[PDB]
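Have a look at the structure below, then the notes.
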2 protein chains.
Amino acid sequence: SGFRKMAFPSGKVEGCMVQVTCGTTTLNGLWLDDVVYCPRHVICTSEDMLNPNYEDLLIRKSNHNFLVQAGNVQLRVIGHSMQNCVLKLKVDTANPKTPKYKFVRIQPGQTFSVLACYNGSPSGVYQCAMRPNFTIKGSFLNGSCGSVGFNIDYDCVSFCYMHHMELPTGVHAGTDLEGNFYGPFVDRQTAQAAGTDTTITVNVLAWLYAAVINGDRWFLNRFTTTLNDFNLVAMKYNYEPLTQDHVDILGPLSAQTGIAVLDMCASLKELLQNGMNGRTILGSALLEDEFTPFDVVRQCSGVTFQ
Amino acid sequence: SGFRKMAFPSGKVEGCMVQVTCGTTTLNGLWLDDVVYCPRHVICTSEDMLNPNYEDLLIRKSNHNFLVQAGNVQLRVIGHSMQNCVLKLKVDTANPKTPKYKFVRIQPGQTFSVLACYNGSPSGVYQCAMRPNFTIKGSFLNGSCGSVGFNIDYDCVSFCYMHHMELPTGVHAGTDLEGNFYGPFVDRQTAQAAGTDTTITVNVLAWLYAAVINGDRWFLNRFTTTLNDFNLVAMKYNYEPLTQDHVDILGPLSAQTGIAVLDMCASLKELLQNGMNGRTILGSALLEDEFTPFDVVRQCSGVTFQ
Ligand SMILES: *[C@H](O)[C@H](C[C@@H]1CCNC1=O)NC(=O)[C@@H]1[C@@H]2[C@H](CN1C(=O)[C@@H](NC(=O)NC(C)(C)C)C(C)(C)C)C2(C)C
Ligand SMILES: *[C@H](O)[C@H](C[C@@H]1CCNC1=O)NC(=O)[C@@H]1[C@@H]2[C@H](CN1C(=O)[C@@H](NC(=O)NC(C)(C)C)C(C)(C)C)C2(C)C
């Protein structure tokens, strides 16, 4: 038992991190087969990044401008191209540690692991979620760009995030592995509005089920409610609406506990209107929304990978 | 910026995890050089587990009773021996993936990363603390025994924890790698209870510094206090005493923010007496005590490992 913010094992990804240097800009790259992926603003200078013209900047570049470092091995660059906001550097050596992988673009609400890196080397691994305003609440310092987010399904790494920039509210923005930003953000140092964030209601319900599975079952009550009357209190409390699809995804969790989905909604309703009265759920004094229904099931049934 | 529960990258440890099977019992083992380390209750039958004398089952075992899979490859066992509560199975093959390592015994308050495993396969990685009562608040299902906890300095894995058992409050107990339990627990199904937990004061203060370093600022005040005045408040609220050694360890953080340790104590003091009143610190509604001052510095300074 017990319930923790759990990240996927990071080995398969560590073997792909390299360091990319152009001018006096160092950041991290992702080396898969004979291609190194990194954010395109590695080619900018401190004077450039007020409003650069990226394909101007890239045409002025040669392969030899890009210093690509894998441990101590230097990696020869033999071609380059720009796909939206990521740079793709063709190198003369296929990464022998290339895992089975996919590139996927994830929806808001879904979670992934982040392997924070600096100068090609991993610093740490943590879990988080793609907020409904398409930001992530990460932990990223200077030089962390190029760090990636990922899920693991048995043997195969699905990369979903590359890190690009910090917004002034302390949150983070980046792209998928095809260079397309999540949200309305751009890799230019002009004024950008993060947008107001809502709580991921389906995830909060999932964590409430994790709480029941782990013995926390105060906050449960008599009541039931309709999706309309629940959705109508979630509106007040800045929660995103609950759909029938959400109801269905929580089915397995609902069946394993004997608490129907609309009953757990009546608990959430009552928790929102009254607060927690000095109590904690799974060691938290707030309602947590960064566990999906899948995160709950895999952690409370012990699903593994290889 | 930003601040999350960050675990060490788990690559070096994944390549050491194996499966150990004896009788009907399966758990995980740690394979370094030609030795596999696992909990000794793998030799128990489901009826022995009431009060086994472990030198029993061991002298009654033969080498071929131990089935050890490293992936599909079966490792032949050519010797065995017991060191306190762990078995050491000598196998005929040195692990080619053996990282540089040490075995260390941590103190309460210190944190480490856990790579939870099932049937030799890594399932997830998270961070946590050795509680003052020598429990850890983990996430462990059946088959997780033999999973290890660890730290990393530059390039060296310091294993500090092997998992053995769950206590009835939902918390977990285990050994160091040299066989000795943390706390007064034994690997028998006899009645045992954790003992009353306290809060790691020095860690709460470190986390407050992380909050300041990240712009959470609302909890500061004019006041200062003495260590003796503060420790009388810590005692009422079930907090560990603060020593002058703790004050010194908090120096770096104190110097980076310009807030004296005894100033941060005076504002922890008022947080304890007024509570938090709505608001949060680093996304939490509780005072967090599972970050050490080393954890705060490395995450805020971006220390990496190789
Ligand atoms: C790449 O390693 C860094 C990682 C940053 C640095 C600290 N935290 C991070 O996530 N990214 C950047 O330096 C990007 C890069 C240039 C500016 N930038 C930022 O993150 C800046 N933020 C903004 O300028 N944000 C707005 C919304 C555009 C105003 C920052 C935080 C000032 C360095 C560019 C965006 C190309
Ligand atoms: C080894 O894989 C498991 C891991 C446990 C099982 C679920 N979560 C865990 O942490 N460890 C055990 O099976 C140990 C082992 C036998 C019993 N045991 C337990 O953890 C049991 N707990 C207790 O017996 N606790 C008291 C306090 C001694 C009564 C449990 C959780 C009921 C299966 C032995 C201790 C040898």
Side-chain angles (χ1 to χ4, degrees), chain A residues 1-15 17 71 113-128 136-144 152 154 166 169-172 214-216 275-276 278 280 283-287 298-306, chain B residues 1-15 17 71 113-128 136-144 152 166 169-172 214-216 275-276 278 280 283-286 290 295 298-306:
Chain A
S1 69
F3 200 75
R4 278 272 181 187
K5 190 67 67 65
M6 192 178 298
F8 292 102
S10 69
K12 293 191 171 31
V13 180
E14 290 168 51
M17 312 302 310
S113 291
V114 168
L115 172 66
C117 300
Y118 301 94
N119 306 103
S121 300
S123 180
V125 60
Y126 52 85
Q127 190 80 348
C128 51
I136 70 166
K137 293 160 144 161
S139 167
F140 290 119
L141 306 169
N142 279 125
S144 65
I152 295 184
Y154 212 69
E166 193 170 291
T169 44
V171 296
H172 302 109
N214 276 279
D216 267 327
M276 290 186 193
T280 60
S284 169
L286 304 161
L287 300 169
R298 101 198 188 211
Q299 183 170 164
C300 300
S301 87
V303 166
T304 61
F305 320 95
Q306 205 68 54
Chain B
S1 71
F3 202 80
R4 281 250 188 213
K5 292 198 178 182
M6 191 177 289
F8 288 95
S10 72
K12 275 150 191 63
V13 181
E14 291 167 53
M17 295 319 295
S113 300
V114 164
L115 173 75
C117 299
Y118 300 86
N119 311 111
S121 295
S123 157
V125 60
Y126 51 84
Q127 197 68 1
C128 58
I136 66 172
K137 288 167 154 83
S139 177
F140 292 109
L141 305 169
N142 274 302
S144 62
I152 296 181
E166 170 169 312
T169 50
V171 294
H172 303 103
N214 278 275
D216 264 324
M276 274 194 210
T280 58
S284 172
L286 297 148
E290 299 215 338
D295 295 336
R298 69 193 219 206
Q299 174 160 179
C300 262
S301 165
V303 167
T304 54
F305 314 91
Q306 197 43 265

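Naming convention: chains lettered A, B, ... in sequence-line order (proteins, then strands); numbering from 1 in each chain. Keep in mind that the numbers below use all heavy atoms, side chains included, and drop hydrogens, waters and symmetry copies.
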At a heavy-atom separation under 4.5 Å, does [X] approach chain B through its side chain, its backbone, both, or neither?
{"X": "A:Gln299", "value": "both"}
{"X": "A:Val125", "value": "both"}
{"X": "A:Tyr118", "value": "both"}

Could you measure the distance from the [atom1] atom of [X] to the [atom2] atom of [Y]? Nearest 0.5 Å is fine.
{"X": "A:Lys12", "Y": "B:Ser10", "atom1": "NZ", "atom2": "OG", "result": "9.5 Å"}
{"X": "B:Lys5", "Y": "A:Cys128", "atom1": "NZ", "atom2": "SG", "result": "15.5 Å"}
{"X": "A:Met6", "Y": "B:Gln127", "atom1": "CE", "atom2": "CD", "result": "12.5 Å"}
{"X": "A:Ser1", "Y": "B:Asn142", "atom1": "OG", "atom2": "CG", "result": "10.5 Å"}
{"X": "B:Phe305", "Y": "A:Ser121", "atom1": "CZ", "atom2": "OG", "result": "10.5 Å"}
{"X": "A:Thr304", "Y": "B:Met17", "atom1": "OG1", "atom2": "CE", "result": "12.0 Å"}

Quiz prompt | side chain to side chain contact (heavy atoms under 4.5 Å, CB included) between A:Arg4 and B:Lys137, worked out | solution = CA-CA 9 Å; A:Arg4 278 272 181 187; B:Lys137 288 167 154 83; 4.1 Å; yes

Quiz prompt | Region of B:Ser301 that comes under 4.5 Å of a non-hydrogen atom in chain A | solution = backbone

Exercise. Name the region of B:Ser113, side chain, backbone, both or neither, that has any atom closer than 4.5 Å to a heavy atom of chain A.
Key: neither

Just give me the residue among [options] that pairs up with chain A most often, heavy atom to heavy atom, under 4.5 Å.
{"options": "B:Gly138, B:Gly170, B:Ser284, B:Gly143", "answer": "B:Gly138"}
{"options": "B:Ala116, B:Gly71, B:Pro9, B:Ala285", "answer": "B:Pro9"}
{"options": "B:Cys300, B:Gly2, B:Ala7, B:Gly15", "answer": "B:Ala7"}

Quiz item: When you measure from the side chain of B:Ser123 to the backbone N and O of A:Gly302, does any donor-acceptor pair fall under 3.5 Å?
Solution: no

Quiz prompt | Non-hydrogen side-chain atoms of A:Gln306 and B:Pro122 separated by less than 4.5 Å | solution = yes

